[PDB]
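Below: entry.pdb (PDB, C-alpha atoms and all ligand atoms)
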```
ATOM      1  CA  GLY A   1      94.923  79.746  89.267  1.00  0.00           C
ATOM      2  CA  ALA A   2      97.619  81.361  87.063  1.00  0.00           C
ATOM      3  CA  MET A   3      99.464  78.864  84.723  1.00  0.00           C
ATOM      4  CA  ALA A   4     102.870  79.919  86.230  1.00  0.00           C
ATOM      5  CA  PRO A   5     102.052  81.934  89.384  1.00  0.00           C
ATOM      6  CA  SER A   6     104.420  85.014  89.576  1.00  0.00           C
ATOM      7  CA  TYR A   7     105.222  88.185  91.579  1.00  0.00           C
ATOM      8  CA  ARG A   8     105.598  91.493  89.735  1.00  0.00           C
ATOM      9  CA  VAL A   9     105.929  95.142  90.879  1.00  0.00           C
ATOM     10  CA  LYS A  10     104.465  98.237  89.151  1.00  0.00           C
ATOM     11  CA  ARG A  11     104.961 101.933  90.083  1.00  0.00           C
ATOM     12  CA  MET A  12     101.542 103.449  89.322  1.00  0.00           C
ATOM     13  CA  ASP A  13      98.076 104.264  90.737  1.00  0.00           C
ATOM     14  CA  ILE A  14      96.482 100.978  92.007  1.00  0.00           C
ATOM     15  CA  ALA A  15      93.105 102.349  90.665  1.00  0.00           C
ATOM     16  CA  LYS A  16      94.543 101.693  87.114  1.00  0.00           C
ATOM     17  CA  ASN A  17      95.429  98.015  87.877  1.00  0.00           C
ATOM     18  CA  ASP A  18      95.055  95.220  85.239  1.00  0.00           C
ATOM     19  CA  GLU A  19      94.228  92.459  87.797  1.00  0.00           C
ATOM     20  CA  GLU A  20      90.979  90.548  88.667  1.00  0.00           C
ATOM     21  CA  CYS A  21      90.706  92.142  92.169  1.00  0.00           C
ATOM     22  CA  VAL A  22      92.301  94.834  94.350  1.00  0.00           C
ATOM     23  CA  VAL A  23      93.453  94.994  97.977  1.00  0.00           C
ATOM     24  CA  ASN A  24      92.635  98.304  99.702  1.00  0.00           C
ATOM     25  CA  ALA A  25      94.970  99.527 102.495  1.00  0.00           C
ATOM     26  CA  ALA A  26      91.769 100.296 104.504  1.00  0.00           C
ATOM     27  CA  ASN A  27      91.053 101.943 107.871  1.00  0.00           C
ATOM     28  CA  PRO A  28      89.022  99.945 110.413  1.00  0.00           C
ATOM     29  CA  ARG A  29      85.915 102.190 110.033  1.00  0.00           C
ATOM     30  CA  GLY A  30      85.406 101.925 106.253  1.00  0.00           C
ATOM     31  CA  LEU A  31      86.091 105.678 105.845  1.00  0.00           C
ATOM     32  CA  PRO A  32      87.480 107.191 102.594  1.00  0.00           C
ATOM     33  CA  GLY A  33      90.902 107.913 104.240  1.00  0.00           C
ATOM     34  CA  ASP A  34      94.080 108.975 102.286  1.00  0.00           C
ATOM     35  CA  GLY A  35      96.608 107.589  99.758  1.00  0.00           C
ATOM     36  CA  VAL A  36      95.661 104.092  98.386  1.00  0.00           C
ATOM     37  CA  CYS A  37      92.337 104.215 100.348  1.00  0.00           C
ATOM     38  CA  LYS A  38      91.325 107.603  98.756  1.00  0.00           C
ATOM     39  CA  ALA A  39      92.086 106.309  95.198  1.00  0.00           C
ATOM     40  CA  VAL A  40      90.061 103.107  95.942  1.00  0.00           C
ATOM     41  CA  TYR A  41      87.136 105.213  97.279  1.00  0.00           C
ATOM     42  CA  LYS A  42      87.167 107.355  94.071  1.00  0.00           C
ATOM     43  CA  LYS A  43      87.320 104.285  91.733  1.00  0.00           C
ATOM     44  CA  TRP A  44      85.066 101.768  93.613  1.00  0.00           C
ATOM     45  CA  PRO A  45      82.899 103.817  96.084  1.00  0.00           C
ATOM     46  CA  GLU A  46      80.173 101.104  96.106  1.00  0.00           C
ATOM     47  CA  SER A  47      82.727  98.748  97.786  1.00  0.00           C
ATOM     48  CA  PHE A  48      82.604 100.861 101.008  1.00  0.00           C
ATOM     49  CA  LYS A  49      79.072  99.568 101.946  1.00  0.00           C
ATOM     50  CA  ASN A  50      79.648  97.808 105.340  1.00  0.00           C
ATOM     51  CA  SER A  51      83.435  97.577 104.724  1.00  0.00           C
ATOM     52  CA  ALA A  52      84.367  98.362 108.385  1.00  0.00           C
ATOM     53  CA  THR A  53      86.461  95.514 109.896  1.00  0.00           C
ATOM     54  CA  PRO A  54      88.988  95.187 112.779  1.00  0.00           C
ATOM     55  CA  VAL A  55      92.769  95.565 112.624  1.00  0.00           C
ATOM     56  CA  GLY A  56      94.498  92.415 111.285  1.00  0.00           C
ATOM     57  CA  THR A  57      91.445  91.346 109.160  1.00  0.00           C
ATOM     58  CA  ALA A  58      90.245  91.630 105.566  1.00  0.00           C
ATOM     59  CA  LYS A  59      86.647  92.065 104.381  1.00  0.00           C
ATOM     60  CA  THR A  60      85.680  91.817 100.674  1.00  0.00           C
ATOM     61  CA  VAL A  61      82.881  93.966  99.164  1.00  0.00           C
ATOM     62  CA  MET A  62      81.893  93.666  95.450  1.00  0.00           C
ATOM     63  CA  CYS A  63      81.828  96.783  93.184  1.00  0.00           C
ATOM     64  CA  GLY A  64      79.582  95.297  90.495  1.00  0.00           C
ATOM     65  CA  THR A  65      81.400  91.971  89.995  1.00  0.00           C
ATOM     66  CA  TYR A  66      84.900  93.425  90.785  1.00  0.00           C
ATOM     67  CA  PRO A  67      86.075  92.348  94.320  1.00  0.00           C
ATOM     68  CA  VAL A  68      87.636  95.005  96.642  1.00  0.00           C
ATOM     69  CA  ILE A  69      89.473  93.277  99.575  1.00  0.00           C
ATOM     70  CA  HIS A  70      89.610  95.817 102.474  1.00  0.00           C
ATOM     71  CA  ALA A  71      92.755  94.811 104.461  1.00  0.00           C
ATOM     72  CA  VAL A  72      93.371  96.708 107.778  1.00  0.00           C
ATOM     73  CA  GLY A  73      97.049  96.928 108.685  1.00  0.00           C
ATOM     74  CA  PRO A  74      98.023  98.287 112.120  1.00  0.00           C
ATOM     75  CA  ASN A  75      98.894 101.947 112.718  1.00  0.00           C
ATOM     76  CA  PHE A  76     102.436 101.651 114.232  1.00  0.00           C
ATOM     77  CA  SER A  77     101.765 105.085 115.960  1.00  0.00           C
ATOM     78  CA  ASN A  78      99.362 103.143 118.325  1.00  0.00           C
ATOM     79  CA  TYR A  79     100.768  99.550 118.422  1.00  0.00           C
ATOM     80  CA  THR A  80     104.056  98.370 120.009  1.00  0.00           C
ATOM     81  CA  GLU A  81     106.590  97.056 117.396  1.00  0.00           C
ATOM     82  CA  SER A  82     105.806  93.496 118.622  1.00  0.00           C
ATOM     83  CA  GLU A  83     101.959  93.699 118.538  1.00  0.00           C
ATOM     84  CA  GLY A  84     102.042  95.747 115.285  1.00  0.00           C
ATOM     85  CA  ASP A  85     104.211  93.070 113.619  1.00  0.00           C
ATOM     86  CA  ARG A  86     101.685  90.310 114.657  1.00  0.00           C
ATOM     87  CA  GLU A  87      98.650  92.287 113.295  1.00  0.00           C
ATOM     88  CA  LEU A  88     100.491  93.155 109.996  1.00  0.00           C
ATOM     89  CA  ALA A  89     101.308  89.441 109.445  1.00  0.00           C
ATOM     90  CA  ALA A  90      97.644  88.557 110.271  1.00  0.00           C
ATOM     91  CA  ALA A  91      96.115  91.131 107.814  1.00  0.00           C
ATOM     92  CA  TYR A  92      98.117  89.491 104.966  1.00  0.00           C
ATOM     93  CA  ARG A  93      97.070  85.929 106.037  1.00  0.00           C
ATOM     94  CA  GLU A  94      93.401  87.140 105.800  1.00  0.00           C
ATOM     95  CA  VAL A  95      94.084  88.622 102.278  1.00  0.00           C
ATOM     96  CA  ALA A  96      95.430  85.187 101.152  1.00  0.00           C
ATOM     97  CA  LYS A  97      92.181  83.489 102.426  1.00  0.00           C
ATOM     98  CA  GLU A  98      90.009  86.035 100.516  1.00  0.00           C
ATOM     99  CA  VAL A  99      92.056  85.763  97.273  1.00  0.00           C
ATOM    100  CA  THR A 100      91.711  81.951  97.504  1.00  0.00           C
ATOM    101  CA  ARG A 101      87.920  82.038  98.295  1.00  0.00           C
ATOM    102  CA  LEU A 102      87.230  84.418  95.320  1.00  0.00           C
ATOM    103  CA  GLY A 103      88.991  82.059  92.819  1.00  0.00           C
ATOM    104  CA  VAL A 104      90.710  85.019  91.036  1.00  0.00           C
ATOM    105  CA  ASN A 105      93.786  84.362  88.842  1.00  0.00           C
ATOM    106  CA  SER A 106      95.399  87.738  89.793  1.00  0.00           C
ATOM    107  CA  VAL A 107      95.396  90.420  92.582  1.00  0.00           C
ATOM    108  CA  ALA A 108      96.733  94.027  92.849  1.00  0.00           C
ATOM    109  CA  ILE A 109      98.195  94.590  96.383  1.00  0.00           C
ATOM    110  CA  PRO A 110      99.893  97.569  98.112  1.00  0.00           C
ATOM    111  CA  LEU A 111     102.429  97.219 100.974  1.00  0.00           C
ATOM    112  CA  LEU A 112     100.280  97.465 104.142  1.00  0.00           C
ATOM    113  CA  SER A 113     101.364  99.834 106.980  1.00  0.00           C
ATOM    114  CA  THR A 114     104.168 101.510 104.887  1.00  0.00           C
ATOM    115  CA  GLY A 115     102.573 105.009 104.551  1.00  0.00           C
ATOM    116  CA  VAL A 116     100.557 107.025 107.124  1.00  0.00           C
ATOM    117  CA  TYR A 117     100.373 103.854 109.364  1.00  0.00           C
ATOM    118  CA  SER A 118     104.220 103.316 109.386  1.00  0.00           C
ATOM    119  CA  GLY A 119     104.818 105.309 112.645  1.00  0.00           C
ATOM    120  CA  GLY A 120     107.504 107.191 110.580  1.00  0.00           C
ATOM    121  CA  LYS A 121     109.744 104.080 109.978  1.00  0.00           C
ATOM    122  CA  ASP A 122     110.807 102.407 106.678  1.00  0.00           C
ATOM    123  CA  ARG A 123     108.846  99.096 106.724  1.00  0.00           C
ATOM    124  CA  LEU A 124     109.372  97.984 103.057  1.00  0.00           C
ATOM    125  CA  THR A 125     111.187  94.727 104.034  1.00  0.00           C
ATOM    126  CA  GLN A 126     108.915  93.957 107.039  1.00  0.00           C
ATOM    127  CA  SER A 127     105.665  94.453 105.051  1.00  0.00           C
ATOM    128  CA  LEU A 128     106.899  92.706 101.833  1.00  0.00           C
ATOM    129  CA  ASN A 129     108.163  89.635 103.801  1.00  0.00           C
ATOM    130  CA  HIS A 130     104.740  89.280 105.525  1.00  0.00           C
ATOM    131  CA  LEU A 131     103.088  89.628 102.035  1.00  0.00           C
ATOM    132  CA  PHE A 132     105.357  86.739 100.792  1.00  0.00           C
ATOM    133  CA  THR A 133     104.690  84.532 103.880  1.00  0.00           C
ATOM    134  CA  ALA A 134     100.910  84.805 103.233  1.00  0.00           C
ATOM    135  CA  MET A 135     100.803  84.768  99.391  1.00  0.00           C
ATOM    136  CA  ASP A 136     103.509  82.112  98.615  1.00  0.00           C
ATOM    137  CA  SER A 137     101.006  79.213  99.029  1.00  0.00           C
ATOM    138  CA  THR A 138      98.399  80.904  96.719  1.00  0.00           C
ATOM    139  CA  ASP A 139      98.413  80.432  92.900  1.00  0.00           C
ATOM    140  CA  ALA A 140      97.192  83.961  91.924  1.00  0.00           C
ATOM    141  CA  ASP A 141      99.514  86.260  89.887  1.00  0.00           C
ATOM    142  CA  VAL A 142     100.427  88.921  92.503  1.00  0.00           C
ATOM    143  CA  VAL A 143     101.156  92.470  91.280  1.00  0.00           C
ATOM    144  CA  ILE A 144     102.574  94.710  94.050  1.00  0.00           C
ATOM    145  CA  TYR A 145     101.888  98.468  93.575  1.00  0.00           C
ATOM    146  CA  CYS A 146     104.183 101.303  94.841  1.00  0.00           C
ATOM    147  CA  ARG A 147     104.660 105.095  94.181  1.00  0.00           C
ATOM    148  CA  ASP A 148     108.376 105.700  95.032  1.00  0.00           C
ATOM    149  CA  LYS A 149     111.106 105.012  92.375  1.00  0.00           C
ATOM    150  CA  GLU A 150     113.644 103.711  95.013  1.00  0.00           C
ATOM    151  CA  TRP A 151     110.964 101.383  96.556  1.00  0.00           C
ATOM    152  CA  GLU A 152     110.221 100.009  92.999  1.00  0.00           C
ATOM    153  CA  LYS A 153     113.924  98.994  92.627  1.00  0.00           C
ATOM    154  CA  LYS A 154     114.111  97.374  96.134  1.00  0.00           C
ATOM    155  CA  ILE A 155     110.821  95.439  95.672  1.00  0.00           C
ATOM    156  CA  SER A 156     111.974  94.273  92.190  1.00  0.00           C
ATOM    157  CA  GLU A 157     115.351  93.172  93.701  1.00  0.00           C
ATOM    158  CA  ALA A 158     113.616  91.253  96.558  1.00  0.00           C
ATOM    159  CA  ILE A 159     111.340  89.381  94.060  1.00  0.00           C
ATOM    160  CA  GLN A 160     114.294  88.550  91.708  1.00  0.00           C
ATOM    161  CA  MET A 161     116.473  87.385  94.717  1.00  0.00           C
ATOM    162  CA  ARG A 162     114.164  84.363  95.383  1.00  0.00           C
ATOM    163  CA  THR A 163     113.726  83.364  91.629  1.00  0.00           C
TER     164      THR A 163
HETATM  165  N1  LIG B   1      96.736 106.018  94.054  1.00  0.00           N
HETATM  166  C1  LIG B   1      97.679 105.325  94.689  1.00  0.00           C
HETATM  167  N2  LIG B   1      98.073 104.131  94.337  1.00  0.00           N
HETATM  168  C2  LIG B   1      99.139 103.712  95.131  1.00  0.00           C
HETATM  169  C3  LIG B   1      99.819 102.504  94.998  1.00  0.00           C
HETATM  170  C4  LIG B   1     100.885 102.226  95.846  1.00  0.00           C
HETATM  171  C5  LIG B   1     101.277 103.137  96.816  1.00  0.00           C
HETATM  172  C6  LIG B   1     100.603 104.338  96.967  1.00  0.00           C
HETATM  173  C7  LIG B   1      99.539 104.621  96.118  1.00  0.00           C
HETATM  174  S1  LIG B   1      98.545 106.047  96.042  1.00  0.00           S
HETATM  175 CL    CL B   2      99.885 106.397  87.558  1.00  0.00          CL
HETATM  176 CL    CL B   3      99.666 102.854 105.357  1.00  0.00          CL
HETATM  177 CL    CL B   4     105.857 103.481  97.751  1.00  0.00          CL
END
```
How does the structure come out when it is put into structure tokens?
Ligand SMILES: Nc1nc2ccccc2s1
Ligand SMILES: [Cl-]
Ligand SMILES: [Cl-]
Ligand SMILES: [Cl-]
Amino acid sequence: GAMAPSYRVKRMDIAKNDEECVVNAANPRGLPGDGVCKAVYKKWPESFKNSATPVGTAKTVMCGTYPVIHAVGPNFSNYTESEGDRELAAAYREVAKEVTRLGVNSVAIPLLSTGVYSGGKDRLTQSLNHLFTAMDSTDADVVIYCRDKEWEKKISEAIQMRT
């Protein structure tokens, strides 16, 4: 584990992370996709061998020795708010199991279901709180990645609030 497990936020391309593994915001079919998933496919294309997995699950595939954790958040266009919320919480619980099994000291993680799967709603708080519920009992350094300058400030504020 990390000597003093922390949460941090960075506003940059997750394909440039400085962590021991990466979480992909994957689709269920292991397709190249858009956004985070596209960047992950360009950086670690070998990790898409048999990466398909159901909604609310995570499947790890190694790119050399670098672990890519394919986490499938719900598309809120298709799920009810209630069922979507349950699957989004579950995807993060599966990421915490994988991070623990791999024995990494750090992980790069995006906010699941906040982009093209958001059903056009702002889900920063909902997604980040499910990330915390899952990751709080792990001892990896967690580095949350975002693109938007206002999201960076709100994520930073939420981390600092609980410290
Ligand atoms: N290349 C990309 N990295 C990230 C990280 C966080 C959010 C969106 C994107 S798109
Ligand atoms: Cl960047
Ligand atoms: Cl998304
Ligand atoms: Cl963002």
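Our summary of the geometry notes that atom CA of residue A:22 is positioned 9.5 Å from atom CA of residue A:99.
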- prompt: Between atom CL of ligand CL 4 (chain B) and atom CA of residue A:114, what is the spacing in Å?
  reply: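 Straight-line distance from atom CA of residue A:114 to atom CL of ligand CL 4 (chain B) works out to 7.6 Å.
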Exercise answer, 12 Å around ligand CL 2 (chain B) with only C-alpha atoms and all ligand atoms, as a CSV table (one decimal) with C-alpha atoms, in the coordinates of the input:
```csv
chain,number,residue,atom,x,y,z
A,10,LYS,CA,104.5,98.2,89.2
A,11,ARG,CA,105.0,101.9,90.1
A,12,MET,CA,101.5,103.4,89.3
A,13,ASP,CA,98.1,104.3,90.7
A,14,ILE,CA,96.5,101.0,92.0
A,15,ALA,CA,93.1,102.3,90.7
A,16,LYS,CA,94.5,101.7,87.1
A,17,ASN,CA,95.4,98.0,87.9
A,36,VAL,CA,95.7,104.1,98.4
A,39,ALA,CA,92.1,106.3,95.2
A,145,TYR,CA,101.9,98.5,93.6
A,146,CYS,CA,104.2,101.3,94.8
A,147,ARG,CA,104.7,105.1,94.2
A,148,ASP,CA,108.4,105.7,95.0
```
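Taking all atoms listed in the file into account, ligand CL 4 (chain B) lies nearest to A:35 out of the set A:45, A:35, A:30, A:54.
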message: Between A:50, A:113, A:57, A:75, which residue has the minimum interatomic distance to ligand CL 3 (chain B), considering only C-alpha atoms and all ligand atoms?
response: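 Looking at the shortest contact to ligand CL 3 (chain B), the residue is A:113.
Proximity of A:88, A:143, A:9, A:155 to residue A:71, computed with only C-alpha atoms, is greatest for A:88.
In this structure, atom CA of residue A:27 sits 18.9 Å away from atom CA of residue A:81.
Distances from A:149, A:38, A:29, A:130 to residue A:86 were compared using only C-alpha atoms, and the smallest one belongs to A:130.
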Selection under test: the PyMOL selection byres (((chain A and resi 1) around 7) and not hetatm); residues as a ChimeraX atom specification: /A:2-3,104-105,139-140
message: Hey, which residues sit close to ligand CL 3 (chain B)? Say within 12 Å, counting all atoms listed in the file, and write them as a ChimeraX atom specification.
response: /A:24-27,33-38,71-77,88,110-124,127,146
Take every atom of ligand LIG 1 (chain B) listed in the file, fit an axis-aligned box around them, add 5 Å per side, and give the centre and edge lengths in Å to one decimal as lines of an AutoDock Vina configuration file.
```
center_x = 99.0
center_y = 104.1
center_z = 95.5
size_x = 14.5
size_y = 13.8
size_z = 12.9
```
task: Please provide the set of residues having any atom within 8 Å of residue A:135, restricted to all atoms listed in the file, with same-chain residues fewer than 3 positions apart removed, written as a ChimeraX atom specification.
output: /A:92-93,96,131-132,138
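Minimum atom-to-atom distance to ligand CL 4 (chain B), evaluated using all atoms listed in the file, belongs to A:109 out of A:134, A:52, A:159, A:109.
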query: Pick the closest to ligand LIG 1 (chain B) from A:42, A:126, A:98, A:79: which is it, counting only C-alpha atoms and all ligand atoms?
result: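 For ligand LIG 1 (chain B), the nearest of the candidates is A:42.
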task: Determine, counting all atoms listed in the file, which protein, DNA and RNA residues have an atom within 9 Å of an atom of residue A:62; residues of the same chain fewer than 6 positions away are not included. Present the result as a ChimeraX atom specification.
output: /A:44,46-47,68-69
task: For residue A:6, work out the shell of residues within 7 Å, counting all atoms listed in the file and skipping chain neighbours fewer than 2 positions away, then give it as a list in words.
output: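 The contact residues come out as residues 4, 8, 141 and 142 of chain A.
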